[PDB]
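Report on one structure; see the data block that follows.
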Amino acid sequence: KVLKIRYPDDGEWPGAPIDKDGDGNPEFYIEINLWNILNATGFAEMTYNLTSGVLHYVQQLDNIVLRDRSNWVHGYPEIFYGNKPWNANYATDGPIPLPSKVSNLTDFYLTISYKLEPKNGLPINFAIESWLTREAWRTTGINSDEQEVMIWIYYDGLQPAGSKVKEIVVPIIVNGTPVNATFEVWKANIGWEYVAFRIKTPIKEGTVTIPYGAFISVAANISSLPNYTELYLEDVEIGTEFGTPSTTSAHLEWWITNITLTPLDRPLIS
Ligand SMILES: [Ca+2]
Ligand SMILES: [Ca+2]
């Protein structure tokens, strides 16, 4: 039927597996993940139609107070594949064997169909994220010698952490058209190493395809981390960070109607 998770009714941390064939190995995992909201009024609800495959998120939050203003954004309601290292949730029923070492993975395309409707000027992005960890099956967080990589294919009013390194051009596909797209590369120290690729021409809705290794190769190339090839690419998460400390009302709706990961016959790291 329809899988539904809701904040605050299901608790602090609503989330659920998507396990179509009931094999106890989910294909994807969804979380509302309001991880820097200490208190708010209102609600956020995510539903997944097990027939149409449509994930739909509706958020009407007000009177927001953050856990830690220095963490900047409010949360990252999302769907992911792989092992998310901040908790015991995972989804590994898919064609890409995450978690695996970067040095052992082949490249893959990530294709997402979506439509974003932030309301009232709300700062948001639509960002794909992966964590790279010393341990494949981490469930308790991230250490200072590990990495977070984000790829922002939409943003309005939000800036990545840290500082701008350079611009790169990556061949991507936008609504069926091959596009050589420019991304700004940003790098931060926030408790671990962070690298974000923020596209220069953000895409508010449609179907976007990226070659994942174009981004992980650059993140490897610019890393300050030692023994980068020891790292496991844990997962691929897709969601919307939203809000800054200026934001006390965050009303947002979106839909993601397909996620596909397509293996390629070439290494991840070029
Ligand atoms: Ca399954
Ligand atoms: Ca709003």
Side-chain angles (χ1 to χ4, degrees), residues 1-3 5-8 15-46 48-66 69 72-84 87-100 114-127 137 152 154-159 202 204-205 234-256 258-263:
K1 181 219 191 285
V2 179
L3 169 61
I5 56 176
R6 176 179 175 113
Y7 173 103
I18 296 165
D19 185 1
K20 288 300 272 272
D21 55 353
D23 65 25
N25 190 8
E27 294 77 55
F28 294 101
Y29 200 100
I30 56 173
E31 296 184 8
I32 284 179
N33 190 36
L34 303 178
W35 61 260
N36 193 39
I37 286 187
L38 178 60
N39 286 119
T41 65
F43 71 92
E45 173 144 353
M46 198 184 282
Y48 180 64
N49 184 309
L50 284 143
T51 308
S52 67
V54 176
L55 186 67
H56 178 208
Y57 184 62
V58 175
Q59 176 185 301
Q60 287 194 10
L61 288 167
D62 283 280
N63 296 312
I64 297 163
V65 167
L66 305 183
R69 60 182 311 163
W72 191 253
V73 297
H74 293 200
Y76 180 51
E78 62 172 305
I79 178 163
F80 73 80
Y81 173 77
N83 175 43
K84 178 168 174 180
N87 62 37
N89 302 332
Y90 65 84
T92 53
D93 185 5
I96 314 305
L98 299 184
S100 274
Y114 66 96
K115 170 177 184 179
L116 313 174
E117 288 194 1
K119 304 304 185 340
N120 310 321
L122 175 61
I124 67 152
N125 64 31
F126 189 60
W137 282 97
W152 301 18
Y154 181 73
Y155 71 99
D156 182 19
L158 268 185
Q159 177 167 310
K204 193 171 181 190
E205 62 182 334
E234 289 279 87
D235 68 346
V236 172
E237 312 187 26
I238 291 165
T240 50
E241 295 184 305
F242 69 86
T244 64
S246 295
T247 303
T248 52
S249 178
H251 295 190
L252 164 68
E253 184 173 8
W254 53 247
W255 295 260
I256 293 169
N258 183 70
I259 295 165
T260 294
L261 281 81
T262 297

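Numbers here simply count residues along the sequence, with the first being 1. Whatever order the structure lists them in is the order used to number ligands and atoms, beginning at 1.
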Treating [X] as the side-chain partner and [Y] as the backbone partner, does any N or O pair qualify as donor plus acceptor under 3.5 Å?
X    : Y    : value
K20  : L50  : yes
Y29  : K84  : no
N49  : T51  : yes
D235 : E237 : no

Can you tell me how the ring of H56 sits relative to the ring of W255, calling it parallel under 30°, perpendicular over 60° and tilted otherwise? parallel
So, leaving waters aside, the tally of protein N/O/S atoms less than 3.0 Å from the Ca ion (ligand 2) stands at 2
With side chain to side chain contact (heavy atoms under 4.5 Å, CB included) as the test, would you mind laying out the steps for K119 and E253 before giving the verdict? CA-CA 8 Å; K119 304 304 185 340; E253 184 173 8; 3.9 Å; yes
Holding to side-chain contact (heavy atoms from CB on, under 4.5 Å), I want the full list of residues that pass it with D21, two or more places apart in sequence or in another chain. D19, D23, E27, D93
Heteroatoms of the protein, restricted to N/O/S, which lie under 3.0 Å from the Ca ion (ligand 1): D19 OD1, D21 OD1, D23 OD1, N25 O, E27 OE2, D93 OD2
Pair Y57, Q59: side-chain N/O donor-acceptor within cut-off below 3.5 Å: yes
Applying side chain to side chain donor-acceptor pair (under 3.5 Å), name anything that partners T92, two or more places apart in sequence or on another chain. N25
